[PDB]
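Novice: Sequence unavailable; structure follows:
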Ligand SMILES: *[C@@H]1O[C@H](CO)[C@@H](O[C@@H]2O[C@H](CO)[C@@H](O[C@@H]3O[C@H](CO)[C@@H](O)[C@H](O[C@H]4O[C@H](CO)[C@@H](O)[C@H](O)[C@@H]4O)[C@@H]3O)[C@H](O)[C@H]2NC(C)=O)[C@H](O)[C@H]1NC(C)=O
Ligand SMILES: *[C@@H]1O[C@H](CO)[C@@H](O[C@@H]2O[C@H](CO)[C@@H](O)[C@H](O)[C@H]2NC(C)=O)[C@H](O)[C@H]1NC(C)=O
Ligand SMILES: *[C@@H]1O[C@H](CO)[C@@H](O[C@@H]2O[C@H](CO)[C@@H](O)[C@H](O)[C@H]2NC(C)=O)[C@H](O)[C@H]1NC(C)=O
Ligand SMILES: *[C@@H]1O[C@H](CO)[C@@H](O[C@@H]2O[C@H](CO)[C@@H](O)[C@H](O)[C@H]2NC(C)=O)[C@H](O)[C@H]1NC(C)=O
Ligand SMILES: *[C@@H]1O[C@H](CO)[C@@H](O[C@@H]2O[C@H](CO)[C@@H](O)[C@H](O)[C@H]2NC(C)=O)[C@H](O)[C@H]1NC(C)=O
Ligand SMILES: *[C@@H]1O[C@H](CO)[C@@H](O[C@@H]2O[C@H](CO)[C@@H](O)[C@H](O)[C@H]2NC(C)=O)[C@H](O)[C@H]1NC(C)=O
Ligand SMILES: *[C@@H]1O[C@H](CO)[C@@H](O[C@@H]2O[C@H](CO)[C@@H](O)[C@H](O)[C@H]2NC(C)=O)[C@H](O)[C@H]1NC(C)=O
Ligand SMILES: *[C@@H]1O[C@H](CO)[C@@H](O[C@@H]2O[C@H](CO)[C@@H](O)[C@H](O)[C@H]2NC(C)=O)[C@H](O)[C@H]1NC(C)=O
Ligand SMILES: *[C@@H]1O[C@H](CO)[C@@H](O)[C@H](O)[C@H]1NC(C)=O
Ligand SMILES: *[C@@H]1O[C@H](CO)[C@@H](O)[C@H](O)[C@H]1NC(C)=O
Ligand SMILES: *[C@@H]1O[C@H](CO)[C@@H](O)[C@H](O)[C@H]1NC(C)=O
Ligand SMILES: *[C@@H]1O[C@H](CO)[C@@H](O)[C@H](O)[C@H]1NC(C)=O
Ligand SMILES: *[C@@H]1O[C@H](CO)[C@@H](O)[C@H](O)[C@H]1NC(C)=O
Ligand SMILES: *[C@@H]1O[C@H](CO)[C@@H](O)[C@H](O)[C@H]1NC(C)=O
Ligand SMILES: *[C@@H]1O[C@H](CO)[C@@H](O)[C@H](O)[C@H]1NC(C)=O
Ligand SMILES: *[C@@H]1O[C@H](CO)[C@@H](O)[C@H](O)[C@H]1NC(C)=O
Ligand SMILES: *[C@@H]1O[C@H](CO)[C@@H](O)[C@H](O)[C@H]1NC(C)=O
Ligand SMILES: *[C@@H]1O[C@H](CO)[C@@H](O)[C@H](O)[C@H]1NC(C)=O
Ligand SMILES: *[C@@H]1O[C@H](CO)[C@@H](O)[C@H](O)[C@H]1NC(C)=O
Ligand SMILES: *[C@@H]1O[C@H](CO)[C@@H](O)[C@H](O)[C@H]1NC(C)=O
């Protein structure tokens, strides 16, 4: 004598996709955190006892949503800023002298041109300084901006800062965010220690290549993650146990000048560099890097054998963004050469100096048709950061190869934010059940 | 294609290789006659049986 | 006709073919697009 | 708190239904529209569940007994190994095949 | 299915109320806003109907009996020619005049 | 009409609850989004109140008796000077301290 009894509010969930919203701690920023909900001081995390879940790092939709949101915010931030259409003219450029060094020879050019005024009746002869990577010669000499045959340039608004700030992703009503608490989780498979939350930890959208900066550290050991470790077409994500400090600087004392190109529209050009001219560069610690590489190769020798020679070489081909460590240091975009970091072989006080280059016409998100111009920054620039990860790729050495070669990679930013959203998943609650009892309706 | 600015193109007509003739449509004569006969037969229900 | 270039400094002499219904003569001969006194073309 | 008894037996999770019940309703223009749609969808899901409960005769209840007898072909386990040695996540995976038949029986039993 | 008994008598259409009940809740930016408003309006109409039913004392019911006697001045037809010789579309046209009086009587009878 | 008995005693205002009950549900793109959010928020508030009432065991009611005895430490006034010499605005200002305790007691009493 058993009867069907209905229960509403049972702990059952399913896998689902939804739109998560943004929250930030409680003004001109690229990612408009002022429009996001303020965050609670003490978030609730509920450990689910005796619960085992299945996670997949490489088929997560939070990564896609985060990529789309970042791209959309970047596009939105450039709407009210000045268009630089009259800047696509012919420039007359000369080489820069007066206290340049040997390594800085030919990197700066002094270009004069004619520019429109606030009156639609006359011109003005002005001049500026351009980096060699921003101008292409058309046959002193005649140059043009690198972009004036493919796209249009918008000048970045100088009051908006590029500094990343932490953001949190929250689930709507009827959804939960499951979080894996295993300390040696390798991205895919069963996690037996699970908690539930509604918000993720503060994630800073740092854009960089070949090196992960200002991120999270593994709790126990260096972690190696890959979708298919035997497939050499997949990238390898390496997570450090301790960070590696890196100091980058542009030492030139720059000057900024404002040129009126129309009614209520100004253009910020580079003036003169007071003093000498030197090359921007980064410093890393040699001993710390050696120890980190030793730990990385120690962890790598668990998938490829115990007696295999493991050697690190540098990048192989590509454009400037993918063959260099590209990042942003206080409004200036750096492209640094990492041939001194990934160059060694391993058999079973000092510093490393990486020279860098500066560019001012920026194409982001591997797109074409839209370009941004970064106005110059005044004074000497210095930044300090943590290296907390690596992106690597393996060469497909066939014909009985006893050695493996790993090269730095990158280019796709989904793997930058896949190294932070790797322990979260989104579930949808289904609070309706039926079961046999001995109670009958009266 | 003619480039008229940074990232802007204009598609013009070039040269017509061969002779130049007029665009045109063809319809069937008998089918159109039959259709017009049916249409006038249906129209003759609102205006009379002896109206031209 | 003369058309602007990708550089805001110089022009180029180009040509095209137009149907008679799209050009109106303004007193070879001088013509203009039929729309350039009433509206803009996209 | 929320989803606390997901690893506990079916019996232990029957005393905390209100925790999950109350965490289903409140717990530029492009982003403004996206957030609004989620809030409308949660309300729609809640209203559909409430309408189904009302149609079954169980409006305004968390636990509701019915007049529909339990067919032994849906499950053969006895009450000792269901309410004391089983979780809801396992029970759903087992009775997922017969859910629609039971729902139709509930509807037609309440109507008649 | 839906609106199937629109031509049947009032008695025959009284056994399929669930079909109509279910099909009232789920059955660029310019177009996005337009679709959202319809979904909000359907929810609002459903909630107003549910509130009215709850105020009358008939919450969570499809057929509900009341304590308000039927005035013969609203309609003099007997039960044989109402439930067996008439449809709801004809009945609404006949009693459209007295609807507000009946609603007020229901409200004040349930409250008192 | 609406809020008419705000200056009357608690006893007199208990006979016009439906007036306030009804006036809680229906009574460029920038402005279009703002107006939609107001309606969504009103619907959400109404649904939260209805869920709370249903959890307390008072689904579809305006006045509901409970099994929770009144603690004398919440208020010592007798019924003659509460329902006949007091308004709801004054009563709320006095019992605002003990509201959460009473709500928790109601929930745990109905569940058990
Ligand atoms: C990883 O994180 C570190 C630590 O947070 C971070 O280093 C920080 O970089 C920022 C940006 O360069 C530094 O903040 C600057 O510091 C000085 C003093 O205030 C000024 O140059 C800047 O302020 C001026 O510019 C602002 C922009 O509008 C104006 O609002 C302001 O009025 C000033 O004009 C700015 O505040 C910060 O000091 C460092 N922190 C440390 C400890 O060095 C690093 O950049 C991160 N790495 C990456 C790759 O993002
Ligand atoms: C860049 O070139 C400009 C001229 O195009 C230089 O500015 C002139 O410098 C000379 C020599 O010192 C002065 O006499 C002029 O008065 C300056 N101004 C102008 C408007 O001609 C400028 O010094 C050059 N800068 C660098 C870094 O080489
Ligand atoms: C991971 O990649 C390897 C290749 O690196 C895949 O193994 C291949 O499997 C195909 C058949 O599916 C064989 O023809 C190839 O010879 C295999 N290659 C090697 C090098 O052994 C493997 O299937 C991939 N794993 C998954 C899960 O997709
Ligand atoms: C990186 O380290 C180098 C080398 O120490 C610094 O460059 C200068 O190096 C010379 C010797 O080659 C020293 O005499 C100078 O003192 C160094 N400069 C300074 C400012 O101390 C370089 O400055 C370092 N860069 C960073 C960003 O730390
Ligand atoms: C990067 O710069 C930091 C300071 O911003 C350096 O840290 C200093 O190192 C010196 C030399 O050992 C110490 O005397 C100071 O006390 C340190 N300062 C702080 C605040 O810790 C750091 O050494 C630099 N790193 C590299 C690789 O050059
Ligand atoms: C990787 O390192 C190699 C070896 O240093 C680089 O090859 C050098 O390229 C430069 C020009 O860029 C030549 O002057 C050198 O002679 C080359 N060296 C050798 C040994 O052939 C290569 O460019 C580096 N790849 C990068 C930085 O992407
Ligand atoms: C990155 O750095 C490496 C090592 O410094 C560069 O390789 C040198 O390139 C220069 C010319 O730039 C050659 O004269 C040297 O002979 C190269 N060194 C070796 C050991 O081969 C490499 O070119 C740099 N990559 C760039 C500048 O793109
Ligand atoms: C319009 O074109 C269609 C074909 O696109 C013509 O149909 C063809 O007529 C010829 C001549 O009788 C037949 O041999 C072909 O088999 C037909 N083709 C098909 C696909 O049916 C049609 O006659 C043309 N109509 C007119 C009015 O010229
Ligand atoms: C600016 O205009 C002058 C005067 O027409 C011209 O001679 C010169 O080539 C132009 N460009 C410069 C100075 O770069
Ligand atoms: C623009 O000019 C550069 C430099 O001459 C050339 O390499 C590139 O192909 C051009 N872009 C297009 C889209 O033609
Ligand atoms: C970098 O590492 C240091 C040392 O662990 C830590 O205190 C700091 O918060 C890290 N992050 C940044 C952004 O500097
Ligand atoms: C990750 O761990 C799972 C078992 O938990 C294993 O099947 C899988 O191969 C591992 N992947 C890598 C890249 O080590
Ligand atoms: C850069 O130049 C400015 C202007 O002369 C000066 O005030 C400042 O001290 C300089 N900064 C240096 C030399 O680091
Ligand atoms: C890094 O460690 C390796 C392996 O012990 C050693 O051969 C090499 O000299 C070290 N490099 C340093 C200390 O700069
Ligand atoms: C590889 O060598 C290490 C050396 O510490 C050893 O611990 C490990 O078991 C070896 N793995 C094998 C032989 O698969
Ligand atoms: C790479 O390492 C070799 C061996 O130590 C060294 O000779 C060479 O200069 C290095 N290349 C660099 C640091 O670019
Ligand atoms: C169409 O019908 C008319 C009227 O009967 C007739 O005069 C004419 O010849 C017909 N045309 C044909 C058959 O091509
Ligand atoms: C018109 O003539 C047709 C010929 O078929 C006939 O059927 C119809 O009744 C006539 N209509 C009249 C005379 O109104
Ligand atoms: C183009 O410009 C030239 C040079 O100023 C002028 O003579 C001519 O009339 C213009 N128009 C043409 C070629 O249609
Ligand atoms: C534009 O020009 C045409 C052709 O000359 C003329 O007929 C028409 O009236 C003009 N339109 C206006 C609005 O003046």
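Specialist: Yep, it's here. Residues are numbered from 1 along each chain as shown, chains lettered A, B, ... in the order given. Ligands and ions are numbered 1, 2, ... in the order given.

Novice: In space, not sequence, find me the middle residue of chain D.
Specialist: For chain D, the residue sitting closest to the mean C-alpha position, by C-alpha atoms, centre = their mean, is residue D:49 at 8.5 Å.

Novice: ok, so what distance separates the nearest residue to that one once chain neighbours are set aside from ligand 11?
Specialist: Using C-beta to C-beta, 6 or more residues apart in numbering or on different chains and skipping the chain neighbours, the partner closest in space to residue D:49 is residue A:432 (6.6 Å). C-beta here means a position set from N, CA and C on the backbone, and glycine is covered the same way. Applying C-beta to the nearest ligand atom, to the nearest Å, the value for residue A:432 to ligand 11 is 46 Å.

Novice: wait, residue A:432 sits on residue A:8?
Specialist: Yes - using C-beta atoms under 8 Å as the test, residue A:432 is close enough to residue A:8 to be in contact (6.0 Å).

Novice: what comes up buried for stretch A:100-107?
Specialist: A:100, A:104, A:107 (16 or more other C-beta atoms under 10 Å in any protein chain shown).

Novice: near ligand 20, which of those show up?
Specialist: Contacts with ligand 20 within these, counted by C-beta under 6 Å from any ligand atom: none were found.

Novice: nearest to residue A:412, of these?
Specialist: residue A:107 (29.5 Å; C-beta to C-beta).

Novice: on that earlier part again, for the residue nearest to residue D:49, grab the count of nearby residues.
Specialist: For residue A:432, the tally of surrounding residues (other C-beta atoms under 10 Å in any protein chain shown) stands at 17.

Novice: Tell me the spacing between the nearest residue to residue A:9 once chain neighbours are set aside and ligand 4.
Specialist: Excluding its sequence neighbours, the residue lying closest to residue A:9 (C-beta to C-beta, 6+ apart) is residue D:17, at 3.4 Å. Separation of residue D:17 from ligand 4 (C-beta to the nearest ligand atom): 61 Å.

Novice: Could you give the backbone dihedrals for residue D:17?
Specialist: The phi/psi pair for residue D:17 (degrees, to the nearest 10) reads phi -70, psi -30.

Novice: quick one: the residue in the stretch 1-150 of chain A that ligand 20 sits nearest to from ligand 17, how far?
Specialist: Going by C-beta to the nearest ligand atom, ligand 20 is nearest to residue A:120 of the stretch 1-150 of chain A, at 25.4 Å. Relative to ligand 17, residue A:120 is positioned 67 Å away (C-beta to the nearest ligand atom).

Novice: and that residue, helix, strand or coil?
Specialist: Of the three states, residue A:120 takes coil under DSSP: H, G, I helix; E, B strand; the rest coil.

Novice: Ok, residue A:401 next?
Specialist: Strictly by three-state DSSP, residue A:401 counts as coil.

Novice: Who are the contact partners of it?
Specialist: By C-beta atoms under 8 Å, 6 or more residues apart in numbering or on different chains, the contact set of residue A:401 is empty.

Novice: all strands for chain D, in order.
Specialist: D:63-69 (DSSP state E).

Novice: hmm, back to that, intersection of neighbour lists for residue A:432 and residue A:8?
Specialist: Common neighbours of residue A:432 and residue A:8 (C-beta under 8 Å, 6+ apart) are residue D:49.

Novice: Contact residues of chain D facing ligand 11?
Specialist: Checking chain D against ligand 11 by C-beta under 6 Å from any ligand atom, there are no hits.

Novice: Taking the stretch 1-150 of chain A, what residue is nearest to ligand 6?
Specialist: residue A:103 (14.3 Å).

Novice: Got phi/psi on that residue?
Specialist: Torsion angles, degrees, to the nearest 10, at residue A:103: phi -70, psi -20.

Novice: you'd agree it is up against residue A:355?
Specialist: Yes - with contact defined as C-beta under 8 Å, residue A:103 reaches residue A:355; the gap is 7.3 Å.

Novice: Quickly list what's touching both of these two.
Specialist: With C-beta under 8 Å, 6+ apart as the test, residue A:103 and residue A:355 both reach residue A:279.

Novice: how about the helices of chain D, start to end?
Specialist: Ranges of helices within chain D are D:17-22, D:29-56, D:88-95, D:99-111, based on DSSP state H.

Novice: most packed of the ones you listed?
Specialist: Mean neighbour count (mean count of other C-beta atoms under 10 Å in any protein chain shown) peaks for helix D:17-22 among the helices of chain D, with a mean of 19.

Novice: quick one: contacts for residue 82?
Specialist: As the question left the chain open, I've gone with chain A. A:154-155, A:157, A:261, A:265-267.

Novice: That was the other one, I meant chain D.
Specialist: So residue D:82 contacts A:435-436, D:10, D:75, D:91 (C-beta under 8 Å, 6+ apart).

Novice: The same query, at a cut-off of 10 Å, please.
Specialist: A:435-437, D:9-11, D:75, D:90-91, D:94 (C-beta atoms under 10 Å, 6 or more residues apart in numbering or on different chains).

Novice: if I look at the closest residue in space to residue A:422 that isn't next to it in sequence, how far off is residue A:71?
Specialist: Sequence neighbours aside, residue A:57 is the residue nearest to residue A:422 in space, at 4.7 Å (criterion: C-beta to C-beta, 6+ apart). Using C-beta to C-beta, to the nearest Å, residue A:57 is found at 22 Å from residue A:71.
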